[PDB]
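Structure first, then comments.
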Amino acid sequence: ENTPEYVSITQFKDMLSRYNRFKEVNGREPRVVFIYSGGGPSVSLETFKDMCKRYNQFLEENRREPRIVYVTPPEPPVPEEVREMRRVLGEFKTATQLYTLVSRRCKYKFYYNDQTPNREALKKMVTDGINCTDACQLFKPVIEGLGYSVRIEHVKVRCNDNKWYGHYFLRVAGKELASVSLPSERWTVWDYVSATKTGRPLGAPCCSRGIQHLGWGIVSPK
Amino acid sequence: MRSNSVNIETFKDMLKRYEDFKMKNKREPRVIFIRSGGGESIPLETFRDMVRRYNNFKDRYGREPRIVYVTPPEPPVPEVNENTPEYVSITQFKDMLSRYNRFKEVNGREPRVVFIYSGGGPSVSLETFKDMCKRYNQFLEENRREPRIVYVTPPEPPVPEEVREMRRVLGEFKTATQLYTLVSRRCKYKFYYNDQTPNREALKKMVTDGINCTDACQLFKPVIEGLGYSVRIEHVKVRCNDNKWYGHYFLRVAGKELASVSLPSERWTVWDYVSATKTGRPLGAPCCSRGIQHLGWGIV
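Going line by line, the protein sequences match chains B and A.
Each number in PDB author numbering comes from the position in the first sequence (counting from 1) with 81 added on.
Going by PDB author numbering, the residue at position 274 of the second sequence is 274; the numbering climbs one at a time, nothing skipped.
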């Protein structure tokens, strides 16, 4: 039985009931939460917390409950994301080839906003430019679809004005890049801003005067 | 008492014998002896942490450390801004598998969850990871190469569009009971072994030629979920044949006016497209009445 991509709101509330029953009897959180009464597929506690977050977000934004609660974040099909990228930039099979094509064709532009519809950002990418958050969210699925491990790192970097800037880039491992056995903070830097703005090579952050780790993943403001 | 640290020469010697053991026995040793002919050993996961700190030190200072501390591995750290993903790359899946196998080897049991990344962050349940491994193995069989990605949760059709497309064929409906009734007066059943078909064409075949039980289950599951119910596809056997049993798929449905969701799913309401469209049996009854047994959950 495939672990489900989403479950009914009915099922989600039943999971919450079983979660609370376990806490009631045992005085602590369960490590996993079974999707259905009686056993079978289960999600980790981390994943269940993600599910509650999505329910909360939907309820806040829409003032009603969702019918459907996603177990993992909805995404367009990976082969399409890769094919659309290839349509724009040409053929590529490695993260190093992709970086080279990006460096020759894509542009960087700062803008807060964060809305990254792939088709939309694909066009802005080669015209006005995109920011590093849209860049990271556009390129992570393509590079994963080539077979690489990718993790979005939130950092502070110090630039040639000697000022610190918050910044996101990709940490990439697998194939020709860093060994996935390394800690993620030692994977290869794949930085859309190095490629399109500051002209630094694959492996180098966009600014060279200092780097500090802030966190993993993109902070979604609430 | 256990040693709290070793000097760099001792550590390089342990690392040498560790690598030799690996090449010789094709697995990591569960303990690493501080001296080759020696009593005291360091457990594998402590030793792997020693190596990691050693490599981090060289990477930072461009020189080897004078001392390597012996410290048991630490708890994971959470990552609230990372979600458990829909899929992982083959690179990450094989790293997950490498850590799952080492956990078994070291601890003699399976872990309850498997972290996507080493060190903490999002994780999948043991159950989900076993399902990932099975579908990975199946891909290796059908094709003759490793996949480039491995789904944590295989994609399911987006629900609002499925409901919209079904409503364009059957008209408005709001409950699973009402939908069954509409289906029983409009849709048609056709026996065929076409493993899937569900695109728009399936909805057209529904009301003209007919569809089979697997297409019907894959079509009506997301629609009924879209109406507010939980749905699980059951693989069963039902006594009709020549008169010696047939294999069959139907929907188990819970929520709203149908079965209590807190029941185990094999007590949920039977929603059988074949009952509605061919054998004329009511909602809650399988298509045949001498009715046989449970085979599994989901489309085989």
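Positions of the beta carbon are idealized from the N, C-alpha and C atoms, including for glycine.
- B:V159: which of B:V223, B:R267 and B:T175 sits nearest, CA to CA? B:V223
- Message: Does any residue of chain A have a CB that is nearer than 9 Å to the CB of B:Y229?
- Response: yes
- Item | B:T181 beta carbon near the ligand FMN (any heavy atom closer than 8 Å) | Ligands are entirely absent from the displayed structure, and the ligand FMN is therefore not among its contents.
- Message: Using only the alpha-carbon positions, how far apart do A:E40 and A:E64 sit?
- Response: 24 Å
- Top-ranked residue by Cα proximity to A:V124, from A:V77, A:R112 and A:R252: A:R112
- Task: Could you tell me whether the Cβ of A:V270 comes closer than 9 Å to any Cβ of chain B?
- Result: no
- Check A:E28 in the structure and name its three-state DSSP category. coil
- Please report the residue range of the alpha helix (DSSP H) in which A:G226 lies. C213 to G226
- Message: Assuming B:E234 and B:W297 are in contact, meaning their beta carbons sit under 8 Å apart, how far apart are those beta carbons, in whole angstroms?
- Response: 6 Å
- Message: For the alpha helix (DSSP H) containing B:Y180, name the first residue and the last one.
- Response: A176 to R186
- CB contact below 9 Å: A:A254 versus chain B: yes
- Select from A:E79, A:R102 and A:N83 the residue whose C-alpha is nearest the C-alpha of A:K22. A:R102
- Task: Verify whether the separation of the beta carbon atoms of A:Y189 and A:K104 is less than 9 Å.
- Result: no
- So, helix, strand or coil for A:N7, using DSSP? strand
- Message: Which residue wins for smallest C-alpha separation from B:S265, given the options A:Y117, A:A285 and A:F11?
- Response: A:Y117
- Where A:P122 and A:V80 are concerned, what is the direct C-alpha to C-alpha distance, given to the nearest angstrom? 8 Å
- Where the stretch 124-138 of chain B meets chain A: residues whose CB sits under 7 Å from a CB there: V124, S125, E127, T128 and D131
- Query: Residues in the stretch 94-114 of chain B with C-beta within 9 Å of chain A's C-beta atoms, listed in sequence order?
  - Reply: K94, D95, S98, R99, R112, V113 and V114
- Query: Is A:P43 helix, strand or coil when you go by DSSP?
  - Reply: strand
- Task: Indicate whether the contact test is met: 3 or more Cβ pairs, each with one atom in the stretch 278-296 of chain B and one in the stretch 241-253 of chain B, closer than 8 Å.
- Result: yes
- Task: Please state whether DSSP places A:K237 in a helix, a strand or coil.
- Result: strand
- What separation, rounded to the nearest whole angstrom, lies between the Cα atoms of A:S98 and B:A254? 15 Å
- Task: Quick one: which residues of the stretch 280-293 of chain B get their C-beta closer than 8 Å to a C-beta of chain A? List them in chain order.
- Result: none
- Query: Taking just the CA atoms, how far does B:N241 sit from B:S275?
  - Reply: 13 Å
- Item | Contact set for A:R186: own chain, Cβ-Cβ below 7 Å, skip 5 residues either direction | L170 and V207
- Query: If you measure from the beta carbon of A:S5 to each beta carbon in chain B, is any gap under 9 Å?
  - Reply: no
- Message: With a threshold of 9 Å between beta-carbons, can B:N199 be considered close to chain A, or not?
- Response: no
- Message: Is the beta carbon of A:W268 closer than 9 Å to that of A:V261?
- Response: yes
- Do A:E45 and A:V152 have their C-beta atoms within less than 9 Å of each other? no
- Query: Can you find a C-beta in chain A that's less than 9 Å from the C-beta of B:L263?
  - Reply: yes
- Any idea what DSSP makes of B:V169, helix, strand or coil? helix
- Expressed to the nearest angstrom, what Euclidean distance is found between the alpha-carbon atoms of A:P286 and A:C217? 13 Å
- Who are the near neighbours of A:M166 in its chain, counting only those whose CB is closer than 6 Å to its CB and skipping five residues on each side? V223
- When you compare each of A:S289, A:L203, A:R145 and A:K130 to A:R164 by their alpha carbons, which one comes out closest? A:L203
- Task: Would you list, in sequence order, the uninterrupted alpha helix (DSSP H) runs of no fewer than 4 residues that lie entirely inside the stretch 40-112 of chain A?
- Result: 44-61 and 90-107
- Message: Going by DSSP, what residue range makes up the beta strand (DSSP E) through A:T128?
- Response: Element bounds for A:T128: not the beta strand (DSSP E) but the alpha helix (DSSP H), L126 to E142.
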